[PDB]
**Q** 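Here it is, the structure, as structure tokens.
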Amino acid sequence: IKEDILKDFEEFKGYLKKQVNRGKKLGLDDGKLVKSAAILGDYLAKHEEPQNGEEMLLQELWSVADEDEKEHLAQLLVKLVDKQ
Amino acid sequence: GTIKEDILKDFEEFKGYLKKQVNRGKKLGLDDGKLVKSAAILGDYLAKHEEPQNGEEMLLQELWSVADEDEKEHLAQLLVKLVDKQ
């Protein structure tokens with residue numbers, strides 16, 4: 001797998017992991033437990049300009065997903081971030 | 001506007017490649033008097049574990065690798081909706 005492809009993915013995954021940590025820490029600051037899926041879901045709801053194919057695909061998938069599909073996609077994305 | 005033209009084009013090509021998978025898949029089934037679902041075809045496609053050629057494919061394969069049986073069926077369904085968009 002080309003080096004450029006991998007690098008874009010690792011950067012993408014690192015960005016999402018930082019999003020989750022920041023969200024969980026802020027929650028902790030307010031005495032609350034915040035779920036990873038909720039944080040990632042809020043990130044996708046922001047519609048940030050896609051910078052790579054990963055973000056472009058996620059935003060397109062999000063745009064055709066119903067409410068239940070959105071929750072499941074966010075949950076699946078958490079497992080991707082968390083490993084995998 | 002904000003999305004760089006190349007990121008869009010790459011997605012358009014990616015989407016076209018999936019649409020290619022589906023059409024051919026449906027064509028093969030039709031010739032055998034069978035109706036094949038797009039989600040089944042895209043699922044078989046992801047099951048091949050083809051080497052990713054772009055960010056779109058890389059994300060899809062990584063998602064597929066952590067998905068349980070239900071999540072795989074649902075992601076394939078969502079991908080069909082993405083392919084048949086606009």
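What's counted below: heavy atoms across the whole structure, side chains too, no hydrogens, waters or symmetry copies. Lettering follows sequence order; numbering is per chain, from 1.
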**Q** Considering residues, nucleotides and ligands other than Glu69(B), do more than 12 of their heavy atoms fall under 6.0 Å from its CD?
**A**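 Incorrect, the count does not exceed 12.
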
**Q** Which word best sums up how the rings of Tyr15(A) and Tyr43(A) line up, parallel for under 30°, tilted for 30 to 60°, or perpendicular for over 60°?
**A** perpendicular

**Q** Between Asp30(A) (side chain only) and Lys32(A) (backbone N and O only), is there a donor and an acceptor less than 3.5 Å apart?
**A** no

**Q** In terms of heavy-atom pairs under 4.5 Å, which option from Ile7(B), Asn54(B), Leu63(B), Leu75(B) contacts chain A the most?
**A**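 Option with the top pair count is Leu63(B).
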
**Q** Taking every non-hydrogen pair under 4.5 Å, which of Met58(B), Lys15(B), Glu57(B), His74(B) racks up the most with chain A?
**A** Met58(B)

**Q** For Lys27(B), does the NZ atom sit with more than 12 other heavy atoms under 6.0 Å from it, leaving out its own atoms?
**A**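 Above 12, so yes.
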
**Q** Any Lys/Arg nitrogen of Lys4(B) or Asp6(B) sitting under 4.0 Å from an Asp/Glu carboxylate oxygen of the other?
**A** no

**Q** Is there a side-chain contact (heavy atoms from CB on, under 4.5 Å) between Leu59(B) and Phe12(A) once you walk through the steps?
**A** CA-CA 10 Å; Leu59(B) 179 61; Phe12(A) 168 71; 3.9 Å; yes

**Q** Quick one: which residues of residues 75-84 of chain A reach chain B at under 4.5 angstrom, heavy atoms only?
**A** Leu76(A), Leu77(A), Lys79(A), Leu80(A), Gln84(A)

**Q** Measure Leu58(A) against the heavy atoms of chain B and call it side chain, backbone, both or neither at under 4.5 Å.
**A**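 Interface part for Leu58(A): both.
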
**Q** Given a strict heavy-atom distance threshold of 4.5 Å, which part of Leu8(B) is in contact with chain A: side chain, backbone, both, or neither?
**A** side chain

**Q** Quick check: closest heavy atoms across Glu49(A) and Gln51(A), and the distance to 0.1 Å?
**A**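 Distance-wise, the nearest heavy atoms are OE2-NE2, 3.1 Å.
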
**Q** Name all residues meeting the side chain to side chain contact (heavy atoms under 4.5 Å, CB included) criterion together with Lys26(B); count only those two or more places apart in sequence or in a different chain, and write none if there are none.
**A** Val22(B), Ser38(B), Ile41(B)

**Q** Under 4.5 Å from any heavy atom of chain A, what part of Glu62(B) do you find: side chain, backbone, both or neither?
**A**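 Contact with chain A is through both the backbone and side chain of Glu62(B).
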
